[PDB]
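Engineer: take a look and give me a structure for this.
(4 chains, ligands or ions: 18)
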Amino acid sequence: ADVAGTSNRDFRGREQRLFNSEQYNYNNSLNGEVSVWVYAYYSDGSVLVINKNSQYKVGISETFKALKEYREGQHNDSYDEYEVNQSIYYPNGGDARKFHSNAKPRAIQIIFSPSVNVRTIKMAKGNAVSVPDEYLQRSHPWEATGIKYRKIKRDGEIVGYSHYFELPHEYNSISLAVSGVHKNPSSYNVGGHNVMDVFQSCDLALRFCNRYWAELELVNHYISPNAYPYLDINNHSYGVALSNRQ
Amino acid sequence: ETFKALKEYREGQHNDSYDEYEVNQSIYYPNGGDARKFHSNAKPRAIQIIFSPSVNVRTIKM
Amino acid sequence: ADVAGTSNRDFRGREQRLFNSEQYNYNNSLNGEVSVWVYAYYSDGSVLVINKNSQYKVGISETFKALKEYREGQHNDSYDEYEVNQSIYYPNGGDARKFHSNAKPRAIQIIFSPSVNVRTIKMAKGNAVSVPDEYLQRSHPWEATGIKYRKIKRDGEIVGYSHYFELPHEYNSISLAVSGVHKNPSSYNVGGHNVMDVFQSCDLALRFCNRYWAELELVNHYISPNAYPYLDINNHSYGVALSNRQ
Amino acid sequence: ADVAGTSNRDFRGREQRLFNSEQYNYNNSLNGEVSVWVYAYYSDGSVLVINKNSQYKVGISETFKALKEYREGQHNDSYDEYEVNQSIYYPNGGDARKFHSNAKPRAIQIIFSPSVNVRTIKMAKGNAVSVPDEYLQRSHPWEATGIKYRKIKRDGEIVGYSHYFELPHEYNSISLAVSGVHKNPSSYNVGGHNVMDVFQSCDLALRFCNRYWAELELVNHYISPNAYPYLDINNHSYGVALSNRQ
Ligand SMILES: Nc1ncnc2c1ncn2[C@@H]1O[C@H](COP(=O)(O)OP(=O)(O)OP(=O)(O)O)[C@@H](O)[C@H]1O
Ligand SMILES: Nc1ncnc2c1ncn2[C@@H]1O[C@H](COP(=O)(O)OP(=O)(O)OP(=O)(O)O)[C@@H](O)[C@H]1O
Ligand SMILES: Nc1ncnc2c1ncn2[C@@H]1O[C@H](COP(=O)(O)OP(=O)(O)OP(=O)(O)O)[C@@H](O)[C@H]1O
Ligand SMILES: Nc1ccn([C@@H]2O[C@H](COP(=O)(O)OP(=O)(O)OP(=O)(O)O)[C@@H](O)[C@H]2O)c(=O)n1
Ligand SMILES: Nc1ccn([C@@H]2O[C@H](COP(=O)(O)OP(=O)(O)OP(=O)(O)O)[C@@H](O)[C@H]2O)c(=O)n1
Ligand SMILES: Nc1ccn([C@@H]2O[C@H](COP(=O)(O)OP(=O)(O)OP(=O)(O)O)[C@@H](O)[C@H]2O)c(=O)n1
Ligand SMILES: Nc1ccn([C@@H]2O[C@H](COP(=O)(O)OP(=O)(O)OP(=O)(O)O)[C@@H](O)[C@H]2O)c(=O)n1
Ligand SMILES: [Cl-]
Ligand SMILES: [Cl-]
Ligand SMILES: [Cl-]
Ligand SMILES: [Mg+2]
Ligand SMILES: [Mg+2]
Ligand SMILES: [Mg+2]
Ligand SMILES: [Mg+2]
Ligand SMILES: [Mg+2]
Ligand SMILES: [Mg+2]
Ligand SMILES: [Mg+2]
Ligand SMILES: [Mg+2]
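Structural biologist: Numbers count the residues shown, from 1 in each chain, chains lettered A, B, ... in the order given. Ligands and ions are numbered 1, 2, ... in the order given. Structure data below:
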């Protein structure tokens, strides 16, 4: 046979490049996943991740309470934290024994897979009682924030999209939903002849949630093993470039 | 359902709740937790999915 | 001196082979140990080991309750498990809040040292109230199960003997005793002139019991450090061949 | 065929009588069990049973502490009961918060199977520090109390033997061992050529222990299901007559 790495008959090399290219393009076909992650960062360095993976479109919706840190199998000041929530929902409405709950998120990062169409991203960032914009009567139910998403890049390929916002102020008390639609450059509407498949996709979407102890542990044990995209506090991008690559 | 939500939960009894968080860390990534057991007895041993006779079987997806 | 590994005057080599041969043969003399182990395997992957080491003869006897998993320093559903035992002892005799206790053994492995005579092995595998065969009136107090023991082998030498039985069914609820006699190819009865020494051996026998978390941990921290024989779930034999070996 | 119950060719009837006769006689052969039970009765009506079943000979030996009531999975005044034991072991040696522990047995019943030879029964009823008769120097290590055993009888057959003694006085604080030898009307000594089998029987003996809540529950769920002999507080005998019976 020909010698490796010297000719156009390195079929092991051609198959490796096609296997990676096929994964990148399959993910972008309408048979592929679109995924979203919400990372809620806590002052003790831990991070809650919520991920949803589904075909056609995907989203996550959480209450203010559900985004608060919860330490499985440890104490969580559970009664005082009910009194915190009462004061968050209406000023001076509770009798908590703390000024700031350390279970409140300090920041949110939203990440989408590179199979999303960024112009379809929508976010409902509500106040603590789940109203998008002060009163329901004047609220548009979402904002289209795609322009704010940064490209997470590795070896020049877009491996995902990130929108990150800090919640550093005492009044940064939110509920949150976010949604994106899978790329569809064709003129076949996936909600036309395929409408009931999109309805089944709402049932088939897989969810994951877990609290990791540190961004390092998230990087090492959650992002990297699964070939997910990420952007850490130091603005370093993580992910795997696949199109036309070995 | 998530992997966690399918695990056994005994309402009103002990559930090894802290050790079971450490189990989940090791399930999510090998050697990622510090649990005090090799196999959680809260893991399902089997799943049965049943549909009513009004389903069309050719539309089932998992 | 002669060069190592080239002549009949490698006395360091001859002494190493005699030191190993002397250990194998000492164990088989009447001055040597005979040992037995009962491994009770639990569904959480942990394993209770009971070992007895004694001269002349050796055995272990445990109740149904004593073979159930007990996690030192953790919760054990201790009250519900009393109600489980009542229902095991007589159908519908307890008020437990579970159908199957995960503290019941899923399997037993009995291992003897290679100094046992296999034709002397006896086992009393009782029901949960410690009756060998349904009712005491028709029970022979043991079965001689030596024919079932497999040879655990390493480098062609018998390093021990194994009888393994699963308890996979809900009705597999046992009490257990097992006994073997040390090899004695001579016509000197150890219970003749030496009878009171055999009585002292009943007091001198050393016992060990402990629950390990996994078969891996048993292999690494219990079987291997002590040069004990074992057979794991994959039918791999562990032990150290010594007769005529360096 | 002949009609049932009218001729000497009712072979189903002859086989039923032989099956029962064979059980009674097998139990009395040297291949059969000999069994002993110690029942310790508590003031709350519960009963601890300890049973041992073995070939050739059988016994039970317990400390004063081990005979005290223990409620699995409930509170047992465990610290105060250590202080009780100190005062039982030497007058005024503890600092308990009670005059009489309700965990002390109020009575003991010893029962042997009908395969025991009553003239071989021995009992060591010690004081609370495990001395048979005041000081070790003047103690014979047992008393042969066979003459005191009553025959438990059903349909005129001896189904077992009972010795019962109350412990109603505050000074009735005991340790206890008891032992009997299986019948052997032959001149073959089971400790002669068969000595090492008797040594293995010491390992093969099966033990059971459990606390039942009431004599009724003992009768219904422990004695009767297993065809064991018993004598209740009302002097009623329980057991199954088998010799020459259908
Ligand atoms: N020294 C170089 N000269 C020319 N091209 C390079 C060099 N190093 C890498 N490249 C190529 O340039 C393209 C961009 O890769 P690069 O590593 O700059 O992007 P990235 O990893 O997305 O961003 P960065 O490395 O800046 O965080 C890829 O095709 C890569 O193979
Ligand atoms: N390739 C070989 N040819 C001939 N003899 C060998 C070879 N490999 C090992 N032996 C010898 O064969 C005997 C059996 O050793 P072997 O390793 O087969 O037994 P084991 O470890 O009991 O069983 P196994 O290895 O099959 O689990 C020993 O004397 C060993 O030194
Ligand atoms: N009315 C009777 N007349 C003659 N023999 C009888 C009668 N009733 C029972 N028997 C027989 O008498 C023998 C003794 O049985 P019996 O029921 O008196 O003994 P038990 O049950 O040991 O004692 P008890 O019934 O007094 O507690 C048995 O052979 C039995 O079949
Ligand atoms: N505003 C607050 C906070 C706490 N407590 C009291 O202090 C006890 C413990 O507080 P809790 O907030 O429940 O914390 P932990 O028990 O430490 O944590 P968890 O309940 O999460 O296990 C409570 O039962 C409640 O009596 C209270 O009165 N008022
Ligand atoms: N890997 C594990 C498991 C348990 N524990 C400790 O042991 C205590 C009890 O364990 P937990 O798993 O919480 O079990 P339970 O309290 O018995 O059950 P639950 O919490 O479900 O009521 C915990 O508080 C924690 O201190 C631990 O350090 N590490
Ligand atoms: N059939 C059962 C099981 C448990 N419980 C009750 O629930 C409490 C806790 O159950 P237990 O079985 O003792 O379990 P743990 O306390 O979790 O474990 P351990 O006692 O082994 O520390 C008990 O005190 C008893 O009140 C009960 O009524 N009935
Ligand atoms: N002479 C006694 C008896 C009890 N106590 C104290 O009271 C507490 C409870 O008593 P204990 O005898 O341990 O009873 P329980 O806790 O009710 O039962 P258990 O320990 O059997 O669960 C103990 O921790 C010990 O502080 C004591 O000082 N002196
Ligand atoms: Cl497509
Ligand atoms: Cl010898
Ligand atoms: Cl016989
Ligand atoms: Mg806990
Ligand atoms: Mg609390
Ligand atoms: Mg780069
Ligand atoms: Mg080999
Ligand atoms: Mg002799
Ligand atoms: Mg308890
Ligand atoms: Mg206590
Ligand atoms: Mg009668």
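
Engineer: most proximal residue of chain A with respect to chain D?
Structural biologist: Residue nearest to chain D within chain A: residue A:73 (23.0 Å; C-beta to the nearest C-beta). In this view, the C-beta of every residue, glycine as well, is placed from N, C-alpha and C.

Engineer: quick check: that residue touching residue B:23?
Structural biologist: No - counting by C-beta atoms under 8 Å, residue A:73 sits too far from residue B:23 to count as a contact (10.5 Å).

Engineer: next SSE after the longest helix seen in chain A?
Structural biologist: Longest helix in chain A, counting residues (DSSP state H): helix A:11-28. Using DSSP states H and E, the helix or strand that follows helix A:11-28 in sequence is strand A:33-41.

Engineer: neighbouring contacts of the next helix or strand after that next one?
Structural biologist: With elements assigned by DSSP H and E, the helix or strand that comes after strand A:33-41 is strand A:47-55. The list of residues contacting strand A:47-55 from outside it, by C-beta atoms under 8 Å, 6 or more residues apart in numbering or on different chains, reads A:30-42, A:58-60, A:62, A:67, A:69, A:105, A:182, A:197, A:201-202, A:204-212, A:214-215, A:218, A:222.

Engineer: need the contact list for residue A:95.
Structural biologist: So residue A:95 contacts A:83, A:86 (C-beta under 8 Å, 6+ apart).

Engineer: kindly recompute the last result at 7 Å.
Structural biologist: If you count contacts by C-beta atoms under 7 Å, 6 or more residues apart in numbering or on different chains, residue A:95 has them with residue A:83.

Engineer: quickly find the element holding it.
Structural biologist: Secondary structure from DSSP H and E places residue A:95 outside every helix and strand.

Engineer: by proximity to ligand 5, which residue of chain A wins?
Structural biologist: Taking C-beta to the nearest ligand atom, ligand 5 has its nearest neighbour within chain A at residue A:73, 4.4 Å off.

Engineer: tell me both backbone torsions, phi and psi, for that residue.
Structural biologist: With angles defined as degrees, to the nearest 10, residue A:73 sits at phi 70, psi 10.

Engineer: how many residues are close by it?
Structural biologist: 13 (other C-beta atoms under 10 Å in any protein chain shown).

Engineer: show me where chain A has its helices.
Structural biologist: For chain A, applying DSSP H gives helices covering A:11-28, A:78-89, A:195-204, A:215-218.

Engineer: contacting residues around the third one?
Structural biologist: Right, the one you point to is helix A:195-204. Under the criterion C-beta under 7 Å, 6+ apart, residues A:54-56, A:190-191, B:61 lie in contact with helix A:195-204.

Engineer: buried residues of it, list them for me.
Structural biologist: In terms of neighbour count (16 or more other C-beta atoms under 10 Å in any protein chain shown), helix A:195-204 has its buried residues at A:197-198, A:200-201.

Engineer: does stretch A:48-66 reach ligand 8?
Structural biologist: No - judged by C-beta under 5 Å from the ion, stretch A:48-66 and ligand 8 are separated, with a smallest distance of 10.7 Å.

Engineer: need the distance between the two termini of that stretch.
Structural biologist: 10 Å (C-alpha to C-alpha, to the nearest Å).

Engineer: bridge partners for the residue nearest the centre of chain A, pull those for me.
Structural biologist: Residue closest to the average C-alpha location in chain A (C-alpha atoms, centre = their mean): residue A:37, at 1.7 Å. Per DSSP bridges, residues listed as beta-bridge partners of residue A:37: residue A:51, residue A:111.
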